[PDB]
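Laid out below as structure tokens are two forms of one and the same protein chain, each shown alone and named structure 1 and structure 2.
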Structure 1
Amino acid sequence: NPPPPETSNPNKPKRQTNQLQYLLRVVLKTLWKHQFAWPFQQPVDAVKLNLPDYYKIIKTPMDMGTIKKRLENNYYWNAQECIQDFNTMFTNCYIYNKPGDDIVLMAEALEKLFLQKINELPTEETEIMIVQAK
């Protein structure tokens, strides 16, 4: 099993804006308690699930746990890359699996809810906190 994506970087700055705060407190909150949230709350354990070719095909793995801990530690710079992480999770599920599979339908429902919630995003980004690299 490959290591999970980093959630903190000493060479990267730490930023918190109103949109990232919203993504953590509303979007990630409401997608975490969704009924179809469990297959995307952990990194894909390709060893354990008989999926040896998974990381040949998913070159950027992503899960709601990694995104959650990235938002908690203020690892992101702005909201766009957190939204990109969510979209990468959904697209990883899509590319890896088949359009009629149950997990693809679950990811599609999650993505629809996510797109609604991010449509409810604050339009103007306001910086709350910034810390330079250590």
Structure 2
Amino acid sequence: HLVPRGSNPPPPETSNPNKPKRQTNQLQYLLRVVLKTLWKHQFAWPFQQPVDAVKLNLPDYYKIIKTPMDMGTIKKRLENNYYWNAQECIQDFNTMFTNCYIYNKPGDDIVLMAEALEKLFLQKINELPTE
């Protein structure tokens, strides 16, 4: 009962080599504190790279989720100074959580994992430094 699975999209872009560099205290906090905390969490592992929805057989994932996002992407974006400001990075974290909550049933393990990361995220974002 084989069906066409299609392809995963290319991973989100993580490099903008000709963007001028600008560090901000908020971007520094996101990289060195927020991302580090979530990355090392026991439930981070499914979120550390783009979801392979094809190989995991997640039906209709790319029809439902218009903007895939993951912490591996966010990490590389931060490291490469891809983000112009901290709100762009926070938007990506939110997109990652939103996608998981939209696609999956509320009881599911992956949702519980995302919720644990989001609770920690919001704790750290509460102490985001002023601009």
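Reference numbering: structure 1, starting with residue 1. The term rigid core refers to the maximal set of C-alpha atoms that superpose within 1.5 Å between the two forms.
When the rigid core is held fixed, the Cα atom of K117 travels less than 2 angstroms between the two structures. Fitting the two forms on the rigid core leaves the C-alpha of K12 displaced by at least 2 angstroms between the two structures. Shown is the Cα shift of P52 between the two structures after rigid core superposition, which amounts to 4.0 Å.
Per-residue C-alpha deviation between the two structures, core superposed: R70, 0.3 Å.
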